[PDB]
Amino acid sequence: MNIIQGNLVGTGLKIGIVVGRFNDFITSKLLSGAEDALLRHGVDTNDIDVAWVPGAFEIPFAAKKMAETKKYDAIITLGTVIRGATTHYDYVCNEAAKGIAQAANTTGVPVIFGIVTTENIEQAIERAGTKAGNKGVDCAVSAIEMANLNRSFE
Amino acid sequence: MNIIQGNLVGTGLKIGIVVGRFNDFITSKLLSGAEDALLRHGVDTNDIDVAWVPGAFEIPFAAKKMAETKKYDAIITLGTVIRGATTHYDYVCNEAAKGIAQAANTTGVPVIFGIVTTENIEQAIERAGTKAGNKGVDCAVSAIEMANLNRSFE
Amino acid sequence: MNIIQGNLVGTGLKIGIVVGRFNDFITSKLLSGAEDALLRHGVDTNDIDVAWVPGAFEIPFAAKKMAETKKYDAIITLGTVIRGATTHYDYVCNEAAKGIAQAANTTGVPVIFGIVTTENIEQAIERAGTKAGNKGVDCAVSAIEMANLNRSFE
Amino acid sequence: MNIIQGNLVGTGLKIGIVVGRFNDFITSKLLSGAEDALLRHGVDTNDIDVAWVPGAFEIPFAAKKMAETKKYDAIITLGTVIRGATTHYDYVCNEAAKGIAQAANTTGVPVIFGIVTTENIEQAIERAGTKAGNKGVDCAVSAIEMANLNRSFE
Amino acid sequence: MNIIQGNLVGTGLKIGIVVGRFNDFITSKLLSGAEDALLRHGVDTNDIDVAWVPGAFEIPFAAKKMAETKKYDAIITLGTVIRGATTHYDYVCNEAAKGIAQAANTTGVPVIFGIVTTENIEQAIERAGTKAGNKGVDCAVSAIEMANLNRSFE
Amino acid sequence: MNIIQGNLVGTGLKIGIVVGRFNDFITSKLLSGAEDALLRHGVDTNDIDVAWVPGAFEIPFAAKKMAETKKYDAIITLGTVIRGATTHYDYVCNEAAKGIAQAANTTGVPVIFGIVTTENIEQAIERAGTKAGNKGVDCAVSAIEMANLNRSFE
Amino acid sequence: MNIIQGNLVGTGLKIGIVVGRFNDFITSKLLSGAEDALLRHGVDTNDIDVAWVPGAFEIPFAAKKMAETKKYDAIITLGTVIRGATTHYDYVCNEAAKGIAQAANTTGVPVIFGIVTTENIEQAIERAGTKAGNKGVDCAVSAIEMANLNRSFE
Ligand SMILES: O=c1[nH]c(NC[C@H](O)[C@H](O)[C@H](O)CO)c([N+](=O)[O-])c(=O)[nH]1
Ligand SMILES: O=c1[nH]c(NC[C@H](O)[C@H](O)[C@H](O)CO)c([N+](=O)[O-])c(=O)[nH]1
Ligand SMILES: O=c1[nH]c(NC[C@H](O)[C@H](O)[C@H](O)CO)c([N+](=O)[O-])c(=O)[nH]1
Ligand SMILES: O=c1[nH]c(NC[C@H](O)[C@H](O)[C@H](O)CO)c([N+](=O)[O-])c(=O)[nH]1
Ligand SMILES: O=c1[nH]c(NC[C@H](O)[C@H](O)[C@H](O)CO)c([N+](=O)[O-])c(=O)[nH]1
Ligand SMILES: O=c1[nH]c(NC[C@H](O)[C@H](O)[C@H](O)CO)c([N+](=O)[O-])c(=O)[nH]1
Ligand SMILES: O=c1[nH]c(NC[C@H](O)[C@H](O)[C@H](O)CO)c([N+](=O)[O-])c(=O)[nH]1
């Protein structure tokens, strides 16, 4: 059986991140986590670009555009969608995942999915550097892995 | 880390809006909000075009068509879908988001999602200039931002 | 602000309708409504073509095919899906909207969505010429509007 | 108003069927129903081809492949997905309808949807030759109709 | 009626597997099951390649890339998504099935769906070599079948 | 074992129908269904005769009389009896089936039983072109079958 | 540690099956499953013999007799015992397993145990090609395995 795997050394990678302004109480902490984890895995802070957008509906648009430049080894997406009174949540979540998925697919560039989607605020706090760790961290890790594996893919 | 961001000055942008006739009790107020916010950010009223359609199922059709002219820096979509007795709601909401998403994607022109989707009338009133502000306003703001950011995208 | 709008005069339009045989108790009344409203807005009965299909799963297939002839200014779709015991309903509803949406999109020809989707029979009767009016009527009206607006679109 | 309709005479049609092995307790009875109805409408048993697949996830793959040969006037799809403990059901149902829909659409060849999707076994028995008739039968009928109508479509 | 069927002899097939790291408590056992079943059906262990990814969101990306090499007769996908507190689960499950489906479709290479999606841990244990058998096993079997059938498809 | 079966081609058959005026809200839709299904199976509209009677008590009288002319290959009976306050229903239903049965028996001409007998109006709507299909349709189908089989009977 | 294992290639095996007539609603489907799985693993249909018996009490008798011919590499036993009002069930189940066990033991020929024993009919349907797969299938698989392993046993 032949195993193909990306390892975790970030040295020399170039990474784009798209971050939503909506719920930026949470999303800035996700960006912090991601920043940190990348640098401590060896990415140069000079090699990270960060595009801010209004909210998660816009993430796929900025993601595909950044991917299609060919400047980046992997793209990180970061957002938080917390349930409200109505179903609007869902349409957003749904479109967001679907487009992120499409952006990797059309582009051949790894696009990591970091949209924390929850029922309430304490839940979002759990995944932004508390009890359940930090999704921005795990995302940064998966991005390095995917950038390394995709080199086996040309 | 290099931050890429669109700022909020609307001076010299050209904006298309597609507005649904269905629930126009609400949707005209969303259009008012949007109009106002654009002008006070510096868009010229002569630079705004507005296409009315029957309802939200039609918004993606008019949106892609307006986008594909290449006349506009960003497109604003405005609609209200309030839950009734049956599931029809959902099919509409769903198709509407999906097409709006597709229209930006195929065209490279920012298309903002302004469809207020709710369980009842008082909810729709909350997001049309009452308690929860005015979705048409927030939309106008996001459109300016996206038009400015996308200039970093060529 | 420049308003673009289709008006309601049907004089000289050519219209295709696709109607599902399933629940034709209801769907023939929707077709009647549509027929009437078109003629009284000035469409010539000689200018209306009607394709019958087995059920709503087939509507998108006949719709795209009729659209792609280029004979018609707008297409009307008519169907009724009433909930049963299982989830089958949903898959049908879902696929049906999605394909109808796609058919307009690929073709550039307006395709109106007239599928009444309900929980029970009395509900379907409400939207087929009773309490809630007649969906076939409203559809005919939206088709005229879209045919007129799309002339602003070339 | 000009009516376009496919009639029910199967004489001289060539039909492909894709049948899922999963829940073949039910799915073989659906295939029996379909076989019978086709022959008694005049299709030659020599003109029917049947591709077996592992389950409903695979139906769209075999369907598009059979359609794209251009040998068949219409394709029949047959499957049964019965709810279990988890949500897996849904993902299967969903993907299955979507692909079947896509296969007709890309190919221009009618693909009938015959996937019985239920909450329990007695429900699946109701639609496989009991109380609610036989879905394989109704499917065979719709396939003949669509093959005949699509001749109006070239 | 002419039956087309893939038989179960794996002799001489070449198989790619993509396995998610997330919930690898379960997913390594699925990989074990798959390995075993392939070898005992006659696939050479030298003819199996295995790509590890961060989680199920990434499976479609690695799957399409492996498929598009043209080295493999069929691709096996393996993952486990267990429900948590929020809706995140669903977005993952959904995107994952959809992309896997797309990967077969664009590529013409069979891609088997082996993502175990559950409400709790004991459920995932049931489908990883306990009470409900081993999904990795059933997957390996379906992959051989599809590789054999698709030879009837060229 | 030698199978004797009537097939479904209506070409060249001559069919008589007896329809009850009572509950003609429903019974005209049954007649529509029957008309349609016959023509699309190849019966010539010139070859169908339709006798209207006051209600189901009279159906057997008109049925035997039409049968005894020897003009028709099969007779279709259509009626609806909905439960009221008293037992009258039953006497009607009972006499009606019994006479229809007798009419085939004395005459040697197939007489199909199409009397929808129900507890309420929504039930009758279910069997007249809604949820449970259309009894007039199924009847037309059985009539063709019986006309074909009875040719094996001389 | 030295692993001894039978692989799954049925090519050239000769298999006897004993099937109970009792509950043959279920037991014929088990036989179908078994037939199929054997052929698709490469057993020649000419190399399968099938002995029908009255019920499960008789299975051990026919099994030992077939085993003792020395014609077969493995024997498959198939039966269904569904609980009734009294304890009779148990005596049958018990004797049946015990004898099947004895038959392998005295003979040195693998005898697979395929008696589905349940509390009700829906349970038996679950294990005959529905929700829980098909016991006749799993049995056929185990028989091939045991026939292959026992060659390590001389
Ligand atoms: O990132 C988010 N975007 C949200 N804004 C909606 C949307 O993403 C767009 O910014 C705008 O709707 C038009 O594109 C959200 N809510 O609405 O609640 C949310 O929770 N999270
Ligand atoms: O914009 C809306 N359109 C609606 N109309 C349906 C649809 O958008 C189309 O106008 C027409 O159905 C065919 O295209 C809605 N409802 O039906 O309730 C609604 O709530 N909101
Ligand atoms: O138009 C409808 N089609 C239906 N038939 C299913 C389907 O549309 C197809 O005709 C056939 O399934 C294969 O294409 C429906 N139900 O099944 O209930 C329904 O309610 N409405
Ligand atoms: O046809 C079905 N396929 C099923 N198998 C899943 C799937 O269709 C594939 O065969 C395999 O998962 C990978 O392609 C089902 N269940 O899982 O329950 C089901 O109910 N019905
Ligand atoms: O394979 C899984 N991936 C999961 N991780 C999410 C995702 O698949 C990605 O690895 C990452 O989110 C960005 O691509 C899951 N959860 O989050 O729970 C899970 O249950 N299973
Ligand atoms: O066909 C029907 N005939 C009915 N009329 C009774 C009868 O069939 C005769 O027309 C008349 O009674 C004398 O022959 C019914 N009811 O009375 O309710 C009925 O429900 N349906
Ligand atoms: O195979 C079965 N045999 C049964 N018949 C009993 C028995 O196996 C013999 O055929 C006969 O009793 C004398 O040998 C069963 N029941 O009695 O219910 C049963 O459930 N299943």
Side-chain angles (χ1 to χ4, degrees), chain A residues 76-77 100 104 110-115 135 138-139 142-143 146, chain B residues 20-24 27 53-59 61 79-84 88-89 91-93 95-96 115 117-118, chain C residues 20-24 27 53-59 61 76-77 79-84 88-89 91-93 95-96 100-101 104 110-115 117-118 135 138-139 142-143 146, chain D residues 76-77 100 104 110-115 135 138-139 142-143 145-146, chain E residues 20-24 27 53-59 61 79-84 88-89 91-93 95-96 115 117, chain F residues 130-131:
Chain A
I76 305 172
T77 73
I100 287 159
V111 183
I112 270 67
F113 184 67
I115 301 187
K135 224 240 201 302
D138 310 317
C139 284
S142 306
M146 294 308 288
Chain B
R21 275 184 157 112
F22 213 112
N23 295 311
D24 76 335
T27 67
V53 293
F57 201 91
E58 293 42 72
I59 287 176
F61 183 93
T80 298
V81 176
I82 297 166
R83 277 268 180 66
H88 194 63
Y89 164 90
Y91 298 124
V92 183
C93 299
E95 284 324 295
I115 301 187
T117 180
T118 59
Chain C
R21 275 184 157 112
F22 213 112
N23 295 311
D24 76 335
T27 67
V53 293
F57 201 91
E58 293 43 73
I59 287 176
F61 183 93
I76 305 172
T77 73
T80 298
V81 176
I82 297 166
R83 277 268 180 66
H88 194 63
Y89 164 90
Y91 298 125
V92 183
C93 299
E95 284 324 295
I100 287 159
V111 183
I112 270 67
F113 184 67
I115 301 187
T117 180
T118 59
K135 224 240 201 302
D138 310 317
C139 284
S142 306
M146 294 308 288
Chain D
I76 305 172
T77 73
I100 287 159
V111 183
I112 270 67
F113 184 67
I115 301 187
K135 224 240 201 302
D138 310 317
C139 284
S142 306
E145 187 173 331
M146 294 308 288
Chain E
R21 275 184 157 112
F22 213 112
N23 295 311
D24 76 335
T27 67
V53 293
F57 201 91
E58 293 43 72
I59 287 176
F61 183 93
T80 298
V81 176
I82 297 166
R83 277 268 180 66
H88 194 63
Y89 164 90
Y91 298 125
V92 183
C93 299
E95 284 324 295
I115 301 187
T117 180
Chain F
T130 249
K131 285 184 285 192

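Each chain gets a letter, A, B and so on, in the order the sequences are listed, and its residues count up from 1. These numbers come from the heavy atoms of this one structure, side chains and all, not from hydrogens, waters or symmetry mates. As the structure lists them, so they are numbered: ligands from 1, and atoms in each ligand from 1.
Of all non-hydrogen atoms in B:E58 and B:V53, the two that sit nearest each other are CB-CB, 3.7 Å. Minimum heavy-atom separation, C:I76 to C:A143: CG1-CB, 3.7 Å. Among all heavy-atom pairs drawn from A:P110 and A:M146, the shortest one is CB-CB, 3.8 Å. Considering every non-hydrogen atom in both B:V81 and B:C93, the closest pair reads CG1-SG, 3.6 Å. In this structure, D:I100 and D:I115 approach most closely via the heavy-atom pair CD1-CD1, 3.6 Å. Between B:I59 and B:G20, the shortest heavy-atom contact is CD1-N, 4.0 Å.
Counting heavy atoms closer than 4.0 Å to ligand 5, residue E:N23 contributes side-chain atoms (C-beta onward) but none from N, CA, C or O.
Scanning the protein heavy atoms around atom 5 (N) of ligand 5, the nearest turns out to be E:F22 CD1, 3.2 Å. From the protein, the heavy atom lying nearest to atom 14 (O) of ligand 5 is E:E58 OE2, 2.5 Å.
Those atoms of ligand 5 that come under 4.0 Å of a heavy atom in E:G55, given as number and element, are 1 (O), 3 (N), 8 (O), 10 (O). Residue B:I82 approaches ligand 2 through these ligand atoms, each under 4.0 Å from one of its heavy atoms: 20 (O). Of all atoms in ligand 5, numbered sequentially from 1 with element shown, those under 4.0 Å from a heavy atom of E:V81 are 19 (C), 20 (O), 21 (N).
For the pair B:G20 and ligand 2, no heavy-atom separation below 4.0 Å is found. Residue-ligand proximity: D:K135 is placed with a non-hydrogen atom under 4.0 Å from ligand 3.
An N or O contact shorter than 3.5 Å links B:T80 to ligand 2 by distance. The shortest N or O to N or O distance between C:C139 and ligand 2 is not below 3.5 Å. On a distance-only criterion, C:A56 and ligand 3 share at least one N/O pair closer than 3.5 Å.
The distance between the ring centers of C:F57 and C:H88 does not fall below 6.0 angstrom.
When the heavy atoms of B:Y91, B:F61, C:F113, B:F57 are ranked by distance to atom 13 (C) of ligand 2, first place goes to C:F113.
Contacts of D:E145 classified as salt bridge (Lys or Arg N to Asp or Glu O under 4.0 Å), with partners at least two apart in sequence or in another chain: C:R21, F:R40.
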